[PDB]
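Data block below; observations after.
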Amino acid sequence: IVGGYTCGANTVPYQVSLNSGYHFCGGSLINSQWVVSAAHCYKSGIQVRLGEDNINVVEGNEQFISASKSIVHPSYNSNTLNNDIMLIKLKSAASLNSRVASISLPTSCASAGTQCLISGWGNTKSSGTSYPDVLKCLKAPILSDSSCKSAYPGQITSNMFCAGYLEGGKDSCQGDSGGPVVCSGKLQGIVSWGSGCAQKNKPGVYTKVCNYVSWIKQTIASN
Ligand SMILES: NC(=[NH2+])c1ccc2nc(C(O)(O)c3nc4ccc(C(N)=[NH2+])cc4[nH]3)[nH]c2c1
Ligand SMILES: [Ca+2]
Ligand SMILES: [Mg+2]
Ligand SMILES: [Zn+2]
Ligand SMILES: [Zn+2]
Ligand SMILES: [Zn+2]
């Protein structure tokens, strides 16, 4: 997250860190047994870590659980990143508490203008590499589809939305990938892609979760 702030330990209790020997992507807990992340974060051998704040120190509120299965969206296109969402089932159900909680899926989509909270342990430098150990947060509004499409002509589909600042300076970045974009209490987006990070007129692009609620509900009930 570039231009964000330190969230504070466990202030984003539905945030997960996907680890395959090191943190490589974020995710969101939707119920005690399932996590939603991005399909471009797909790997074999994933351990999900809940209750994290400093991912390099065992501070006492973590739960490390292995995934039993991953389901990448059936229509995910790795070239365009369209339908960039994946579901991960945990081997054991997580114990939910104040520090580990699930986020709700949306009943409708959110309007341009709505402020959201984006978080993750991704890169914090636009030009450079600096990876934080504690969770970083960023509040950004959803941008109109028109400014999103002008920034990325022919690359935006109806399953994506941009959020951010056109002036640059604040954005999610690699490492934040798969993470949550929560607006008004609902998980509205998944950190998906962008052109570098925090560049002027290059906002972040997020998977539009409201278009996948029936697929998610059906998939988890049948697995
Ligand atoms: N080595 C790894 N463990 C790793 C993990 C995730 C990655 N994801 C990318 C990316 O290159 O695919 C990537 N994910 C992005 C998310 C947001 C923005 C943005 N808002 N500017 C840009 C991004 N670039 N490379 C990655 C490398
Ligand atoms: Ca920790
Ligand atoms: Mg994240
Ligand atoms: Zn990138
Ligand atoms: Zn990359
Ligand atoms: Zn990524």
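Virtual Cβ from ideal backbone geometry, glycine too; neighbours counted across all protein chains shown. Each answer follows from the model by the rule given with it, or from the source it names; no laboratory instrument gave them.
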- request: Would you mind finding the one in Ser150, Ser192, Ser177 that is out of contact with any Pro (no Cβ under 9 Å at 6 or more places or on another chain), assigned to a loop (DSSP other than H, G, I, E, B) and in the same structural domain as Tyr5 (by CATH)?
  value: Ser177
query: Which of (1) in the same structural domain as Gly189 (by CATH); (2) surrounded by 12 or more Cβ atoms within 10 Å (Cβ to Cβ) does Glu167 not meet, given it meets every other one?
result: (2)
task: Kindly indicate the residue of segment 117-133 that is away from ligand 6 (no atom under 16 Å from the Cβ) and of a type in the set (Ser, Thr, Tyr) and also farthest from the chain's Cα centre (by Cα) among those meeting that condition.
output: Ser127
- prompt: Just checking, how many residues over segment 177-189 are in contact with a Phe, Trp or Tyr (Cβ under 7 Å, 6 or more places away or on another chain) and either more than 13 Å from ligand 3 (Cβ to nearest atom) or within 11 Å of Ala163 (Cα to Cα) (or both)?
  reply: 2
- line: Restricting segment 201-223 to residues that are surrounded by fewer than 23 Cβ atoms within 10 Å (Cβ to Cβ) and among the small types (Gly, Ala, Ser), the one farthest from the chain's Cα centre (by Cα) turns out to be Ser222
field: Test: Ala198 is in the same structural domain as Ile1 (by CATH), surrounded by 22 or more Cβ atoms within 10 Å (Cβ to Cβ) and at positive phi
entry: yes
- prompt: Out of the residues in segment 123-161 that are of a type outside the set (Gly, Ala, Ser) and in contact with a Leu (Cβ under 7 Å, 6 or more places away or on another chain), which is surrounded by the fewest Cβ atoms within 10 Å (Cβ to Cβ)?
  reply: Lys139
query: Does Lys186 satisfy the condition of being within 21 Å of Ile71 (Cβ to Cβ), of a type in the set (D, E, K, R), under 15 Å from the mean Cα position of the chain (by Cα) and buried (at least 16 other Cβ atoms within 10 Å of the Cβ)?
result: no
Residue in segment 1-22 that is surrounded by the fewest Cβ atoms within 10 Å (Cβ to Cβ), counting only those that are more than 17 Å from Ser95 (Cβ to Cβ) and of a type in the set (A, V, I, L, M, F, W, C): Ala9
- line: Taking segment 23-48 and keeping residues surrounded by fewer than 19 Cβ atoms within 10 Å (Cβ to Cβ), assigned to a strand (DSSP E or B) and not polar (S, T, N, Q) leaves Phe24
task: Among residues belonging to segment 169-198 that are in contact (Cβ under 8 Å) with a residue 60 or more places away in the chain and hydroxyl-bearing (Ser, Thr, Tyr), point out the one that is nearest to ligand 6 (Cβ to nearest atom).
output: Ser177
- prompt: Take the residues of segment 49-73 that are touching a residue at least 60 places away in the same chain (Cβ under 8 Å), surrounded by fewer than 15 Cβ atoms within 10 Å (Cβ to Cβ) and part of a loop (DSSP other than H, G, I, E, B): which is farthest from ligand 3 (Cβ to nearest atom)?
  reply: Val57
field: Which numbered condition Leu135 fails, given (1) in contact with a strand residue (DSSP E or B) (Cβ under 6 Å, 6 or more places away or on another chain); (2) within 14 Å of ligand 3 (Cβ to nearest atom); (3) closer than 20 Å to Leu81 by Cβ; (4) not hydroxyl-bearing (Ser, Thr, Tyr)
entry: (3)
- request: Quickly run through segment 24-47 and pick out the residues that are more than 16 Å from ligand 4 (Cβ to nearest atom) and either more than 11 Å from the chain's Cα centre (by Cα) or in the same structural domain as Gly120 (by CATH) (or both).
  value: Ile30, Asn31, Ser32, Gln33, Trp34, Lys43, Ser44, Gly45, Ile46, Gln47
